[PDB]
2 protein chains.
Amino acid sequence: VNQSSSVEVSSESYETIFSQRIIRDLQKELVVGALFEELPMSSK
Amino acid sequence: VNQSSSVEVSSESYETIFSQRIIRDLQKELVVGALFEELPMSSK
């Protein structure tokens, strides 16, 4: 799609480097779940 | 109960692990019972 040059590439796939960094946003942190303690129940 | 599988416990009492732990709340602090001294009386 850069058609400026006479000999332009077929797709934009060939004009792009697909890095595979899997970036992520700040994701809501979690507090409520771990604060408390467990009663290892072993029965229903 | 927990009747999901062939083979089930009979009463759900054979399920629950009854505990014998007893718990009492924060329970009103008794401030004025002992603040003051005693006159050990021996008559009305």
# chains A, B, ... in the order shown; residues from 1 in each chain; ligands from 1

call {"tool": "interface_residues", "arguments": {"of": "chain A", "to": "chain B", "cutoff": "9 Å", "atoms": "only C-alpha atoms", "output": "number ranges by chain"}}
result
A: 41-44

call {"tool": "write_last_selection", "arguments": {"atoms": "N, CA and C atoms", "output": "compact mmCIF listing (two decimals), in the first residue's frame"}}
result
# COMPACT_ATOMS: atom_id res chain seq x y z
N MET A 41 -12.19 -27.14 55.32
CA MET A 41 -13.26 -28.04 55.58
C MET A 41 -12.85 -29.36 54.92
N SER A 42 -13.22 -30.52 55.44
CA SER A 42 -12.89 -31.77 54.79
C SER A 42 -14.14 -32.58 54.63
N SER A 43 -15.27 -31.92 54.76
CA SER A 43 -16.53 -32.59 54.67
C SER A 43 -17.50 -31.65 54.10
N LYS A 44 -18.70 -32.06 53.78
CA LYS A 44 -19.56 -31.11 53.12
C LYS A 44 -19.94 -29.95 53.97

call {"tool": "atom_distance", "arguments": {"atom1": "atom CA of residue B:8", "atom2": "atom CA of residue A:38"}}
result
26.7 Å
